[PDB]
Amino acid sequence: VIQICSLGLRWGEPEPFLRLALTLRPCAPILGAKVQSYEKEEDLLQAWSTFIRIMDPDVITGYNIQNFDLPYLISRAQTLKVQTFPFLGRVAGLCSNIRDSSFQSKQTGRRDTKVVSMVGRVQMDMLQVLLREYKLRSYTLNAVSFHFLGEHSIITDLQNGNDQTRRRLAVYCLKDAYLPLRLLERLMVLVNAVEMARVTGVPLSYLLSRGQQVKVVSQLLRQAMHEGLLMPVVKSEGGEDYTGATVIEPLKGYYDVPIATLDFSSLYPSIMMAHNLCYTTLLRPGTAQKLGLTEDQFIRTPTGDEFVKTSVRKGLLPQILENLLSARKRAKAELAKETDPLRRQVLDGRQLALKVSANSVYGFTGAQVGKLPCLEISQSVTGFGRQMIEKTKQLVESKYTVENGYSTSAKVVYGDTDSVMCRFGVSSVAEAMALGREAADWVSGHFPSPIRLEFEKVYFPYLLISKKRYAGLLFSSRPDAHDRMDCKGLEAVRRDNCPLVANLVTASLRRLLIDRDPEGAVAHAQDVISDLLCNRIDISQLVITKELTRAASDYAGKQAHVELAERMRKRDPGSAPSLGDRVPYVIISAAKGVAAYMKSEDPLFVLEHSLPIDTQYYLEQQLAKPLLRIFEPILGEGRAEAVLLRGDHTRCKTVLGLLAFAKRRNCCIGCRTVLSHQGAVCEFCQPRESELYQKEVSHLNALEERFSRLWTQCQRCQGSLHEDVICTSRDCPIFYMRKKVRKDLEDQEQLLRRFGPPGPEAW
Amino acid sequence: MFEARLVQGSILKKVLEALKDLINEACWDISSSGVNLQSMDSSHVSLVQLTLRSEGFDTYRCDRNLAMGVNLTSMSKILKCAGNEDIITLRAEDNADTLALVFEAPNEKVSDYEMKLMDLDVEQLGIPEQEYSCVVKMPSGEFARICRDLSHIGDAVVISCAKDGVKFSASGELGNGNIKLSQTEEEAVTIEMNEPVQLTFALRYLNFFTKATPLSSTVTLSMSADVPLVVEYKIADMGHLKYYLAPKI
Amino acid sequence: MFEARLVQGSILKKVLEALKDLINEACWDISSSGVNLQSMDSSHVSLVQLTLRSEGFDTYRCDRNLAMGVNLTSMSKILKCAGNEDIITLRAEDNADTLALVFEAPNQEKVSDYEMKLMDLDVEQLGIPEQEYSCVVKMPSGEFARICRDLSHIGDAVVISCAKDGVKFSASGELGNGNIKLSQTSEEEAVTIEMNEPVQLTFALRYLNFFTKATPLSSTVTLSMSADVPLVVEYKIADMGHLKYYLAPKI
Amino acid sequence: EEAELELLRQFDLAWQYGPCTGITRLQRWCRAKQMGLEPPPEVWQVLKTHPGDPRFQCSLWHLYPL
DNA sequence: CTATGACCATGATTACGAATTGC
DNA sequence: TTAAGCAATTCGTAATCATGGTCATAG
Ligand SMILES: Cc1cn([C@H]2C[C@H](O)[C@@H](COP(=O)(O)OP(=O)(O)OP(=O)(O)O)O2)c(=O)[nH]c1=O
Ligand code: SF4
Ligand SMILES: [Zn+2]
């Protein structure tokens with residue numbers, strides 16, 4: 001271990017107050033930080049342990065400190081025989097130890113971590129907070145720093161060199177150690193963790209280790225001491241499933257008359273609230289008998305149970321849910337007065353977390369592997385849901401009709417278990433908004449409270465492909481003209497595909513829904529396919545990522561990413577994907593057509609070893625079928641032939657051990673006829689040579705302009721204008737797009753030396 | 001304008017079934033010396049070189065050196081709409097990207113197809129001429145059965161050329177075996193040797209190379225130190241067909 | 001040191017082609033009487049007894065009562081690499097647990113020399129009873145295979161009635177009932193139903209398709225049955241010995 | 001050898017001779033000599049007693065896709 | 001030297017698991 | 001000792017089933 005670098009601050013002050021860097025050879029001074037140097041590693045580990053005792057911090061953060069940093073330090077101190085290192089905690093006579101742990105759920109998957117013991121102090125690895133809350137494409141520090149802010153063997157010779165190289169290494173390490181602080185204070189992590197621990201009543205270490213059961217157990221016990229009840233222990237392996245939610249059958253297609261969306265807000269917690277459903281008021285089938293009082297003492301549910309009215313008991317789950325609902329309402333009332341966009345979405349994150357907590361209260365009941373299940377309640381909930389949504393659809397389509405004085409009889413096109421997308425008939429967004437608000441407020445008056453239906457949007461135009469797949473354009477007000485698109489479910493929000501395909505789907509829906517020009521859309525898709533086949537598409541747009549889950553399900557059937565991961569490298573059998581992460585790969589061309597798991601390769605390996613790409617795989621398996629989903633419903637099946645013919649005019653333009661034994665046959669630039677001698681033009685096509693020189697110097701001119709815009713961008717992203725660039729960042733498009741233009745220019749410069757020189761040079 | 005006419009369309013169909021599995025796209029270099037082609041395979045491992053000399057076409061006419069871009073799958077589908085006795089003529093313009101094929105039955109029925117060509121940006125490679133030192137001339141049927149029979153055991157094969165004969169060995173999980181062949185018209189195995197050879201080659205490429213067996217009776221195998229093994233066939237007063245494959249290190 | 005030759009050697013291809021679809025392994029008992037194989041089936045319904053006398057061979061050296069085991073289908077895949085006119089030679093050392101197969105050519109120019117490794121065996125072994133078979137029928141093998149395959153497209157299991165005048169191969173199926181009758185014909189194409197007392201039995205027609213895999217394996221097929229006993233189909237391996245397939249009957 | 005391979009690795013990272021990871025080693029030695037910054041006469045005397053070896057006459061990172 | 005179906009080889013249909021998103 | 005629920009759509013691989021090109025031998 002050669003350098004340790006530390007940043008420290010008091011919470012509430014907008015800058016740090018401590019900035020220290022401890023190195024292992026003599027170094028050069030850095031303005032703003034202290035620098036100390038040692039000639040042996042024992043002094044370095046001792047100095048860090050003494051600093052961490054004396055400063056005595058409350059919280060320790062970092063990025064991947066649990067699974068890399070602390071056990072490396074502990075094992076390295078054990079090897080070098082330094083006895084006083086592993087006492088990092090607060091208790092004076094206690095040493096620390098490495099211990100494995102696993103967590104698994106159907107919500108976050110399964111992850112295996114080490115833990116290191118520190119008594120008194122709290123740990124917050126920001127990697128685990130990101131991996132638990134956020135669903136992203138890559139989880140590298142560079143990728144999340146670009147997504148939120150906007151950015152090994154070389155180091156061993158920056159350290160065996162001079163002291164300005166070591167000073168450069170220390171400035172790099174300090175920037176690395178500074179980035180997670182900025183992420184912690186910018187994303188409102190710690191304020192939301194403190195508010196979660198105050199609303200639920202669990203400690204601050206449980207929100208990084210546990211799930212959503214300890215919190216609902218805690219709140220139920222805290223509500224149970226106030227009336228004098230005790231909880232039982234029921235455990236069963238195992239019950240059966242029950243029936244979930246209804247989806248209404250669509251009227252599929254393309255709509256160009258406005259559809260208004262009406263939905264219920266906080267549906268399942270308000271069902272559980274306003275019909276008095278709880279553990280503590282579930283009536284067994286016999287204890288009603290032989291009392292006969294049915295009216296206003298109990299009710300009956302569509303699955304079949306009987307539940308006591310609120311004039312006898314009050315349940316415990318209504319009160320816990322009412323507290324959580326008021327907390328989320330206060331968070332939304334605070335969110336309704338922000339102007340900054342990233343701040344608006346992080347308050348949206350806070351309210352999303354409180355709504356997830358309130359819904360996991362209901363999901364506690366149906367978990368037959370758990371601590372206290374009561375599937376009768378769950379069945380009553382979803383039965384009430386189904387009954388109310390079909391009530392909504394009957395009522396909306398039945399009242400506003402041609403005989404009832406209105407304009408047109410409306411017709412529901414879609415509904416998915418909480419929402420209803422009714423198509424009204426008018427093509428004026430003001431009149432649709434007015435009637436939709438009247439409908440929402442009208443239908444809501446047929447229920448107990450807090451059951452309320454609300455207007456939410458007007459889509460104009462609309463595109464419905466299947467169940468859980470649609471798109472549209474979003475209206476919030478009228479003079480607020482339009483907000484954005486909505487892409488529910490489609491190929492632009494999933495992460496199982498290429499960036500090329502998601503970009504093409506977004507650009508096609510842009511040209512098709514905003515400008516309403518299908519001809520520019522066809523020309524766009526043609527240019528994408530043509531530039532694919534002509535081999536001028538970056539390999540950033542070709543990378544596919546998949547998650548490496550539990551190893552036995554991936555034992556059960558052969559996949560591509562599992563095959564790439566389990567195949568080690570010759571260079572490194574010590575850095576490879578583990579369980580739970582994401583494996584990136586691209587597909588190269590070969591002749592083993594039975595298996596697409598035999599053609600997958602690491603992006604850096606195909607970078608350094610230059611393997612070709614299977615353009616037919618990407619053409620017929622990645623691109624073609626999402627396009628045939630989207631482009632068909634506006635036209636007939638002559639549209640499938642239109643895009644497969646727009647392919648056909650553009651499919652006829654394709655660019656191209658033994659490879660060393662070349663002959664390098666020259667070819668005519670005009671008509672492609674191989675011939676003896678080095679002159680560029682053919683004897684039949686020699687007159688038209690001024691035009692053939694004119695052609696292709698406007699190509700060299702455009703490659704020259706692309707070299708310079710890229711190789712000076714690295715100088716501004718690096719910081720310095722006087723020293724070399726070293727950044728092989730695999731998540732930057734800049735890298736390997738700066739590598740191919742050198743070769744394009746190398747090739748296009750040599751093609752013009754077929755022609756003579758435009759003058760002498762030795763004069 | 002290009003126009004050729006050849007009486008034995010069977011030769012054309014055998015050469016087009018030599019290549020429709022190993023290659024998907026090619027460029028025909030039409031000249032005033034014949035119809036010549038070079039290509040690499042899709043796997044970037046092996047080389048094909050095909051020469052149909054100008055004389056053997058029984059009515060030739062070529063004005064200017066052309067270069068046609070042909071999808072070999074569609075052409076292989078077209079040349080199986082012609083029986084084994086027909087007379088084939090090829091018709092092309094010097095301004096167009098579409099080829100005409102007319103098949104003439106030797107009895108009342110004539111057929112004519114038009115096929116759209118493609119423009120491709122391929123690069124043409126070749127070979128230099130050196131003297132391979134082990135020269136085998138053997139029957140093609142025995143070579144086909146030897147490769148196909150060793151194929152079920154394992155995937156590599158070692159060729160072992162010694163004085164009186166050659167010996168092919170191959171291994172695998174169900175064991176190993178060799179086949180000898182010795183010096184002793186076309187059922188003979190003529191063996192010229194200056195330096196002995198032992199080398200290793202993979203079997204999928206060899207079982208691709210033995211797809212063009214109806215073109216001749218004998219096959220010529222040429223080996224030397226550390227060079228790509230050459231498999232050579234001759235087509236009678238028409239030209240030749242060569243595959244090239246590099247040894248394993 | 002075991003070293004044996006067979007000039008008309010297509011019979012070994014022919015027996016292992018009719019061996020590998022039935023069973024996955026074999027217990028090869030090499031005695032001074034020659035090459036023998038008693039082995040059960042895998043479904044516990046049937047059995048193979050192969051006997052190859054020494055006098056049906058050409059050139060012979062047996063110094064050991066070898067008792068080895070062969071994985072059959074890989075050996076058949078190796079036997080698929082030699083023609084039928086080609087001479088089959090086997091070589092075996094009593095310490096080296098391998099089989100050295102030598103395929104000579106009739107023109108002697110192509111030589112093959114293959115080697116299959118050994119695996120251990122602890123196979124079960126039961127003895128057949130010897131008794132009176134109330135119906136022994138000599139039949140052409142090709143006609144027999146033709147008839148039972150003609151019955152395979154009706155149903156699954158066959159009922160047989162063996163009597164004096166004719167023999168009755170009946171079956172049911174999803175399309176109804178059917179039966180074919182045979183009689184004696186008044187050297188290879190001759191038939192004979194030698195009978196003492198008429199019987200009726202149930203057998204599996206799919207195992208008859210399995211047993212007719214040895215259709216080109218003899219001059220004539222023999223069908224020997226009695227009451228409630230294993231049917232023995234016999235293919236007399238010409239000048240060599242014989243292959244007998246036992247099928248334990250049904251209930 | 002093994003002591004001559006650290007002198008060149010020390011000449012390659014001294015900042016007072018230039019920012020050199022795109023060019024050869026002897027070109028940077030002559031560039032500094034033209035401007036006469038202070039090239040030392042020992043990083044020359046190992047680039048003369050060798051032929052065209054790629055581990056003497058090349059910069060440290062002449063691999064490495066930067 | 002020539003019909004016939006048995007034999008090898010290659011392509012169309014169905015089934016099921018894995019992955020990921022919407023409520 | 002540890003873990004909130006169900007509905008639905010998409011894609012890849014192996015296995016099942018259809019169909020033609022050679023071929024091998026009886027007429
Ligand atoms: C998202 C989600 C919904 N549901 C159920 C409960 C909800 O009552 C029902 C509706 O889904 P949602 O509309 O997503 O959530 P919501 O209606 O409760 O709150 P809001 O309208 O303010 O966004 O779906 C779950 O059970 N678990 C979940 O994770
Ligand atoms: S390649 Fe250049 S632009 Fe891209 S991340 Fe690295 S330094 Fe920045
Ligand atoms: Zn020209």
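Residues numbered from 1 in each chain as written, not as in the entry; some residues may be left out. Chains lettered and ligands numbered in written order. Part of a larger assembly, values for the part shown. Heavy atoms only, no water. Residues with missing side-chain atoms left out of burial classes, pairs and counts.

Listed as the method for this PDB entry is cryo-EM; the listed resolution is 4.05 Å.

All names here are of chain A. Protein-derived ligands of the zinc ion (ligand 3) are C668 (SG), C671 (SG), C682 (SG) and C685 (SG), with the metal-ligand distances lying across 2.1 to 2.5 Å. Taken together, the four donor atoms coordinating the zinc ion (ligand 3) and their angles of 92 to 121° define a geometry best described as tetrahedral. Read N to C, the donor residues that coordinate the zinc ion (ligand 3) are spaced as C-x2-C-x10-C-x2-C. With a gap of 14 residues between them, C668 in the loop between β21 (653-654) and α20 (690-711) and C682 in the loop between β21 and α20 connect regions that are remote in the sequence. (Donors = N, O, S within 2.8 Å, 3.2 Å for Na, K, Ca; no water. Tetrahedral: all angles 85-135°; square planar, octahedral: opposite > 155°, others 65-115°. Helix = DSSP H or I, 4+ residues; strand = E, 2+ residues; numbered from the N terminus.)

All names here are of chain A. The residues that UniProt annotates with the feature "binding site: [4Fe-4S] cluster" are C714, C717, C727 and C732. With the annotated positions falling across 19 residues, the maximum pairwise C-alpha distance of 11.1 Å places them together in a single cluster. Relative to the helices and strands, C714 resides in helix α21 (residues 713-718). Look at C714 and you get buried, because its relative accessible area is 7%. Once you skip the residues sitting within four places of it in the chain, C714 turns out to touch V725, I734 and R738. Within the secondary structure layout, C717 lies in helix α21. Overall, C717 belongs to the partly exposed group, its relative accessible area being 43%. (UniProt positions renumbered as here; feature names shortened; annotations may be inferred. Buried < 20%, exposed > 50% of the residue type's maximum accessible area, 1.4 Å probe, protein only. Contact = heavy atoms within 4.5 Å.)

Residues and elements named next belong to chain A. Close contact between helix α9 (residues 267-274) and helix α12 (residues 375-399) brings their axes to 10 Å; oriented N to C, the two are set at 110°. Relative to α12, α9 is oriented roughly perpendicular. Contacts between α9 and α12 involve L267, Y268, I271 and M272 on the former and, on the latter, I377, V381, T382, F384, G385 and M388. (Axes fitted to C-alpha atoms, helices over the stretch in contact; angles between N-to-C directions. Parallel < 35°, antiparallel > 145°, perpendicular 65-115°, else oblique.)

Sequence positions flagged by UniProt for "DNA-binding region" are, in local numbering, residues 61-80 of chain C. What you have in residues 61-80 of chain C is 40% helix and 35% strand, and the ends, taken at the C-alpha atoms, are 26 Å apart.

A few words now on the packing of helix α1 (residues 10-17) of chain C against helix α2 (residues 72-79) of chain C. Residues and elements named next belong to chain C. At their nearest, the axes of α1 and α2 sit 10 Å apart, and the two run at 145° to each other. Classified by chirality, the crossing of α2 by α1 is left-handed. Between α1 and α2, the contacting residues are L12, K13 and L16 on the first element and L72, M75, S76 and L79 on the second. The class makeup of the residues in the contact of α1 with α2 is five nonpolar, one polar and one charged. (Left-handed = near helix turned anticlockwise from the far one by under 90°. Nonpolar A, V, L, I, M, F, W, Y, C, P; charged D, E, K, R; others polar.)

Another point: the site of ligand 2. Residues and elements named next belong to chain A. Around ligand 2 sit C714, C717, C727, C732, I734, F735 and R738, and those are all the residues in its vicinity. Mapped onto the shell around ligand 2, the elements with two or more residues apiece are α21 and α22 (734-737). Its residues assigned to classes, the shell around ligand 2 comprises six nonpolar, no polar and one charged. (Near = heavy atom within 4 Å.)

Here we come to the site of ligand 1. Residue and element names in this part refer to chain A. For ligand 1, the full set of nearby residues is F264, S265, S266, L267, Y268, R328, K355, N359, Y362 and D418. Here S266 contributes a backbone N or O atom positioned 3.4 Å from an oxygen atom of ligand 1. Taking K355, its side chain carries an N or O atom lying 3.2 Å from an oxygen atom of ligand 1. For ligand 1, the protein covers 63% of the area, taking 570 Å² as the surface of the free molecule. Put simply, the parts of the chain that give the shell around ligand 1 at least two residues each are α9 and α11 (341-365). Of all the elements, α11 adds the most residues to the shell around ligand 1, at three residues. (Polar contact = N/O pair within 3.5 Å; in protein donor to acceptor, adjacent residues only side chain to side chain. Areas by Shrake-Rupley, 256 points an atom, 1.4 Å probe, with all protein chains shown as cover.)

All names here are of chain A. The environment of DNA strand E is formed by 19 residues, the closest being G489, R495, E547, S553 and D554. The share of sugar and phosphate among atoms of DNA strand E within 4 Å of the protein is 94%. Within the side chain of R495, one N or O atom sits 2.8 Å away from a phosphate oxygen of DNA strand E. Here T549 contributes a side-chain N or O atom positioned 3.4 Å from a phosphate oxygen of DNA strand E. Along the lines of polarity and charge, the residues of the surface near DNA strand E split into three nonpolar, five polar and eleven charged.

Now for a negative patch on the surface. Residues and elements named next belong to chain A. There is a patch of like negative charges on the surface, built from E704, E746, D747 and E749. Counting residues per element, the negative patch draws most heavily on helix α23 (residues 740-751), which supplies three residues. As for its position among the elements, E746 is in helix α23. (Patch = residues over 30% accessible without salt bridge, like charges linked within 9 Å, V, L, I, M, F, W, Y side chains within 5 Å. Salt bridge = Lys/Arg side-chain N within 4 Å of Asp/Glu carboxyl O. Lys, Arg positive; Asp, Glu negative; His and termini not counted. Charge placed at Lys NZ, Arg CZ, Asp CG, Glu CD.)

Let us look at the UniProt feature "zinc finger region: CysA-type" in chain A. Under the feature "zinc finger region: CysA-type", the UniProt entry names residues 668-685 of chain A. Secondary structure content for residues 668-685 of chain A is 0% helix and 0% strand, while the C-alpha to C-alpha distance between its ends is 9 Å.

Moving on: α2(C). Helical periodicity: at 3.6 residues per turn, an α-helix aligns residues three or four positions apart in one direction. All names here are of chain C. In terms of residue burial, α2 counts as a mostly covered element, since six of its eight residues are buried. Of the positions making up α2, those classed as buried are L72, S74, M75, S76, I78 and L79. In this fold, the buried residues of α2 make contact with α1, β2 (25-31), β6 (66-71), β8 (98-104) and β9 (112-117).

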